[PDB]
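These notes concern the structure reproduced below.
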Amino acid sequence: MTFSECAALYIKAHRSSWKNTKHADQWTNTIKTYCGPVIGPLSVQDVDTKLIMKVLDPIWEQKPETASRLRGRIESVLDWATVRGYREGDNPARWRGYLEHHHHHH
């Protein structure tokens, strides 16, 4: 199972909740484009924090908003994948405190 496959499975398992509308497309398209050439054909179980940070860091420069939004999508997919049994454990995109020291929030 690759990340691209598992992501699509998350989407399918929520298709009923997502119409027919292009929201499901937007999920697929964004992931296929941003995460595709990197962790797409990689196993959803072998997805590591290093791999995710490699993708997001460049994105902060151009589209910090998109990086923030994409991170949330990755969390939701990997969480689902863990429940479904495609990786187990916890998520590398969880983050115990990102943007910490500099901003974070509270």
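If neighbour count is taken as other Cβ atoms inside 10 Å, put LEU51, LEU78 in order from fewest to most.
Final ranking by Cβ density, sparse to dense: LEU51, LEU78.
Note the full-extension length gain between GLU88 and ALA13 as 0.36 nm times their separation in residues minus their Cα-Cα distance, in nm to one decimal.
Stretched out fully, the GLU88 to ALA13 stretch lengthens by 25.2 nm.
In cubic angstrom, how much convex hull volume per residue do the alpha carbon atoms of the chain span?
With only Cα atoms used, the chain gives 114 Å³ per residue.
I'd like to know which of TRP27, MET1, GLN45 lies farthest towards the positive end of the charge dipole of the chain, counting +1 on Cβ of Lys and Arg and -1 on Cβ of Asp and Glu.
In the chain, that residue is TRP27.
Let's test the formula: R0 of 25 Å, r as the Cβ-Cβ distance of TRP95 and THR33. What FRET efficiency results, to the nearest 0.05?
Result of the calculation: an efficiency of 0.65.
For Cα pairs less than 8 Å apart in space and 6+ apart in sequence, what is the mean separation divided by the residue count of segment 1-85, i.e. the relative contact order in percent?
RCO, segment 1-85: 39 percent.
So what J values fall out for segment 49-61 if you push phi through Karplus, 6.51 cos²θ - 1.76 cosθ + 1.60 with θ = phi - 60°, rounded to Hz, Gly and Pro as x?
4, 4, 5, 5, 5, 4, 6, 5, 4, x, 5, 4, 5
Don't worry about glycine lacking a Cβ; one is built from the backbone with ideal geometry, like all the others, and counts go over all protein chains shown. Bear in mind that the values in this text are calculations on the coordinates, not laboratory data.
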